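Enquirer: Next up is a structure, given as structure tokens.
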Amino acid sequence: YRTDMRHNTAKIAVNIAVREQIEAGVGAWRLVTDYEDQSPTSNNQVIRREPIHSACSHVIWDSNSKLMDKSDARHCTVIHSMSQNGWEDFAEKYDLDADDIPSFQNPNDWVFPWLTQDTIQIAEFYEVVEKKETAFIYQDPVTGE
Amino acid sequence: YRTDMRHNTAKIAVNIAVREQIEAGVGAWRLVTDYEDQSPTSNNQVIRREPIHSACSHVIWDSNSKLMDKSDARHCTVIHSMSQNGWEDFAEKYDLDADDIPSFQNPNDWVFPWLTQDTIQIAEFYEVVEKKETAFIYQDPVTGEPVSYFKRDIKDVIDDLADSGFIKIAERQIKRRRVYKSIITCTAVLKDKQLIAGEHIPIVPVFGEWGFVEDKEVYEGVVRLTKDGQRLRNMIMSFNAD
Amino acid sequence: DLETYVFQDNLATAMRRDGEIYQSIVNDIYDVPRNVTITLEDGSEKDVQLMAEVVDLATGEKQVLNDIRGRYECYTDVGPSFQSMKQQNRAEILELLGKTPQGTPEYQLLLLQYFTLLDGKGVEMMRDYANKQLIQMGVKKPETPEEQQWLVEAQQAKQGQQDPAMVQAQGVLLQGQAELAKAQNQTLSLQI
Amino acid sequence: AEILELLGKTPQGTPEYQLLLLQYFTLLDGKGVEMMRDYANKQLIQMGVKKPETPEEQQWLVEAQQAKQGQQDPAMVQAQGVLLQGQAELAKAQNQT
């Protein structure tokens, strides 16, 4: 844990969440895994935090949740608001195609003399299930356990 | 690190960035390598900081970045503002020609009774890519331990390495970031994709407080909220003097 | 604390980023030596500081050789600003002196370690005296032949010391042993 | 930090305080502070609190073990001489018999 959450990203995410919570009482930050070979932590994967800059409207939790930390929730929608070149990078990262433009709900509003907006919104949907899967019981050769 | 960042340039750059941060909530300073023979640090190179005086408009980051230190950024445009003799030296130190006058966007504005301006703006473009290039695994002839070297760095020394006790063991592929720098002048590209030694964009930013309100970043300092009262005080004093 | 703590933290974050960039540039440009210990029976803990450089043999330019495995093995942190590696050691010794109570061997060791770190030639008497004391106490290891001379001189001088109580007790024990020998002789005198 | 806290909770002039000081010293990083680290490690090995790992560590331990047996209390020797004189007097009485 010390190795994974030592960099600047975790501290920046926590500081952003704290400032948001002080101003408007909500904030969030997500945990994302990745592939890295030059300096892996234990295996060829690293865990890092990531900041969410408007948790009021971008993160949408399950309406049936009842706890403060949203432990008993099965829904989570993250509405990305991101630019054209960022959209090309996003499509290149996964196996999407950069030729069609995605669209979704618009969290932000046109309430300022702002010149331009990204106008490219995509969403991510997390869900949790419990199905009582199976497991195998083996015998270790090094130790008879 | 102590040897490289001991001179006056680093301290001056940090002080400039701090003062900018205090007044208008943004600042930056870049790291530049150079060749030195009289007093090298380890090899015939020296690493030095450099100051950027108006990071508000001269340094332009990627619009998709989300962090304060801009760790996840793939673009950086530095708009140099420099005089005629400065332009001649800039052309001399690279392989550019001093006969054509470059041009670019104008960061500054003509809003003061100033006499003259440089009116010579050129830009530098930094980008970062990831490609997962290959690497060679050698055997250290001194101690029987494997060592790994990137193919690109030793592509002209492969035969010489084979001449010594080094022997190749296997081949792998390791992902690694690279930084490229190009020079643009709003009409053509002068130098295209020079390989910078670093792995991240050299520019290091400092920010006033922080902020993303709806989808656009906002930063503040100390003077933003003290302008209306100050102007009112000035107006009242002027009226009383009249 | 201070009124500018948030700005100080932001500057610390920027300094961490600068340290990361500098580390990357050094790894890609400079020649970082790799530390290896031979672990010889005669020589224990020998920091050879092995380096590896190869020339092209076709041009005068050199070529760097940095291993990939041992590139990123020290993280960046924020601390006070100094100018040379000797000032950092001096500051750490001063801090340890502040944390160490007086009338303790550790305090004397820290004082000698501080004294053997001065720069000026005017203060050379104390530096030489501190080095000699540290070597003669066996805490430090001699390097130049005069230092082994000091060490062997201290070794010879150490054995000269004798406890008077030990000698007096030995004399008493010898008197007792002689009395026992006299008793055993009296037995043979009875035997005739 | 835990060693510092334990030092704060431990009164001075106590073997635990010295043990905590040595444990704190043997945790430094810089090469400038290396003589103190080596001295603390050697002390902790020679006092038997830790366990030797590298061959020089067992060398230090056996050197300390050999140095330990050399110590002799003068009171022990004087009292032994007193016993020897008394036993010789008893032998003299038995010889008189």
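Enquirer: Can you pull out the residues in segment B:11-24 that are more than 9 Å from chain C (Cβ to nearest Cβ) and surrounded by 20 or more Cβ atoms within 10 Å (Cβ to Cβ)?
Expert: Scanning segment B:11-24 gives B:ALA13, B:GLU20.
Enquirer: Here is a list: C:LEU109, C:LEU94, C:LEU174. Which entry is under 30 Å from D:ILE3 (Cα atoms), touching a helix residue (DSSP H, G or I) at 6+ places or on another chain (Cβ under 9 Å) and at the interface with chain D (Cβ under 9 Å from one of its Cβ atoms)?
Expert: After ruling out the rest, the residue left standing is C:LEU109.
Enquirer: Taking segment B:197-221 only, how many residues are in contact with an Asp or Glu (Cβ under 6 Å, 6 or more places away or on another chain) and among the aliphatic types (A, V, I, L, M)?
Expert: Qualifying residue count for the region: 2.
Enquirer: Which of the residues spanning segment C:140-191 are assigned to a helix (DSSP H, G or I) and hydroxyl-bearing (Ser, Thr, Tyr)?
Expert: Once the filter is applied, which keeps residues that are assigned to a helix (DSSP H, G or I) and hydroxyl-bearing (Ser, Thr, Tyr), segment C:140-191 yields C:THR187, C:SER189.
Enquirer: Quick check on segment A:34-44. Is at least one of its residues within 17 Å of the chain's Cα centre (by Cα) and more than 12 Å from chain B (Cβ to nearest Cβ)?
Expert: no
Enquirer: How many of the residues making up segment C:84-101 are outside any helix (DSSP H, G or I) and farther than 17 Å from B:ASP4 by Cβ?
Expert: Looking only at that region, the number is 2.
Enquirer: Please work out which residue is nearest to B:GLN21 (Cα to Cα), limiting yourself to segment C:8-19 and to residues that are more than 7 Å from chain B (Cβ to nearest Cβ) and not aliphatic (A, V, I, L, M).
Expert: My answer is C:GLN8.
Enquirer: Same structure again: Could you please tell me which pairs satisfy a Cβ distance under 8 Å, a separation of 6+ or placement on different chains, a first residue in segment A:83-101 that is farther than 13 Å from A:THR119 by Cα, and a second residue that is of a type in the set (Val, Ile, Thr)?
Expert: Pairs found: A:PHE90/A:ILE122.
Enquirer: The conditions are (1) more than 8 Å from every other protein chain (Cβ to nearest Cβ); (2) within 21 Å of the chain's Cα centre (by Cα), and C:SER84 fails exactly one of them. Which is it?
Expert: (1)
Enquirer: Give me the pairs, please: first residue somewhere in segment D:2-28 and farther than 17 Å from D:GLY48 by Cβ, second residue anywhere and in a loop (DSSP other than H, G, I, E, B) and of a type in the set (A, V, I, L, M, F, W, C), beta-carbon distance under 9 Å, and either six or more positions apart or on two chains.
Expert: Short answer, once both residue conditions are applied: D:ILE3/D:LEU27; D:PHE25/D:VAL33.
Enquirer: Kindly check whether there is at least one residue in segment B:192-202 that is within 14 Å of chain A (Cβ to nearest Cβ) and either surrounded by 11 or more Cβ atoms within 10 Å (Cβ to Cβ) or more than 30 Å from C:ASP9 (Cβ to Cβ) (or both).
Expert: Yes, because at least one residue in segment B:192-202 is within 14 Å of chain A (Cβ to nearest Cβ) and either surrounded by 11 or more Cβ atoms within 10 Å (Cβ to Cβ) or more than 30 Å from C:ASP9 (Cβ to Cβ) (or both).
Enquirer: Given (1) surrounded by fewer than 16 Cβ atoms within 10 Å (Cβ to Cβ); (2) outside any loop (DSSP other than H, G, I, E, B); (3) of a type outside the set (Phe, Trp, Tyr), where does B:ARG178 come up short, assuming only one miss?
Expert: Answer for B:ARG178: the failing condition is (1).
Enquirer: Also, quick follow-up: Can you go through B:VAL213, B:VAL223 and tell me which one is loosely packed, with under 15 Cβ neighbours inside 10 Å, closer than 30 Å to A:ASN15 by Cα and either at the interface with another protein chain (Cβ under 10 Å from one of its Cβ atoms) or basic (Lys, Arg) (or both)?
Expert: Only one candidate qualifies: B:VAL213.
Enquirer: Same structure, new question: Which residues, taken from segment D:7-31, are more than 21 Å from the chain's Cα centre (by Cα) and not hydrophobic (A, V, I, L, M, F, W, C)?
Expert: D:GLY8, D:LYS9, D:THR10, D:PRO11, D:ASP29, D:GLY30, D:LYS31
Enquirer: Let me ask another. Return the only residue of B:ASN64, B:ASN85, B:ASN108 being more than 17 Å from B:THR185 (Cβ to Cβ), crowded, with 17+ Cβ neighbours inside 10 Å and among the polar types (S, T, N, Q).
Expert: B:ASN64
Enquirer: Select the strands (runs of 3 or more DSSP E) contained entirely in segment B:4-86, then report the ones holding at least 3 residues which are in contact with a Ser or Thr (Cβ under 6 Å, 6 or more places away or on another chain).
Expert: Per the criteria, B:46-51.
Enquirer: Could you identify the single residue in C:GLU106, C:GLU179, C:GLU92 that is surrounded by 13 or more Cβ atoms within 10 Å (Cβ to Cβ), free of Cβ contacts under 8 Å to residues at least 12 places away in the same chain and touching an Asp or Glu at 6+ places or on another chain (Cβ under 8 Å)?
Expert: The match here is C:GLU179.
Enquirer: Something else about it: Just to be sure I understand, how many residues within segment A:83-109 are more than 9 Å from chain B (Cβ to nearest Cβ) and closer than 21 Å to A:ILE60 by Cα?
Expert: 5
Enquirer: Still on this structure, I have one more. Taking the criterion of being among the basic types (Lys, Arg) and touching a strand residue (DSSP E or B) at 6+ places or on another chain (Cβ under 7 Å), would at least one residue in segment B:153-173 satisfy it?
Expert: yes
Enquirer: Could you tell me whether C:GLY43 is in a loop (DSSP other than H, G, I, E, B), surrounded by fewer than 13 Cβ atoms within 10 Å (Cβ to Cβ) and not charged (D, E, K, R)?
Expert: Answer is yes for this residue.
Enquirer: Still on this model: Any idea which of D:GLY32, D:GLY48 is at the interface with chain C (Cβ under 8 Å from one of its Cβ atoms) and either in a helix (DSSP H, G or I) or not basic (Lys, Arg) (or both)?
Expert: Step by step, each of D:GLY32, D:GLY48 is checked, and only D:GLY32 is at the interface with chain C (Cβ under 8 Å from one of its Cβ atoms) and either in a helix (DSSP H, G or I) or not basic (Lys, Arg) (or both).
Residue by residue, here is whether (1) in contact (Cβ under 8 Å) with a residue 40 or more places away in the chain; (2) surrounded by fewer than 18 Cβ atoms within 10 Å (Cβ to Cβ); (3) more than 10 Å from every other protein chain (Cβ to nearest Cβ) holds:
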| residue | (1), (2), (3) |
| --- | --- |
| B:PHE112 | no, yes, yes |
| B:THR116 | no, yes, yes |
| B:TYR126 | yes, no, yes |
| B:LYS132 | yes, yes, no |
| B:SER148 | no, no, no |
| B:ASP153 | no, yes, no |
| B:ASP163 | no, yes, no |
| B:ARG172 | no, yes, no |
| B:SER182 | yes, yes, yes |
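Enquirer: Against the condition over 30 Å from C:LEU180 (Cα atoms), more than 9 Å from chain C (Cβ to nearest Cβ) and assigned to a loop (DSSP other than H, G, I, E, B), how does D:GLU57 come out, does it pass?
Expert: no
Enquirer: Would you be able to tell me the number of residues in segment D:72-81 that are more than 7 Å from chain C (Cβ to nearest Cβ) and either in a helix (DSSP H, G or I) or more than 12 Å from C:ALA169 (Cβ to Cβ) (or both)?
Expert: 3
Quick reminder, even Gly has a Cβ in these numbers, built from the backbone with ideal geometry, and neighbours come from all protein chains shown. FYI, it's all coordinate maths here, none of it is from the lab.
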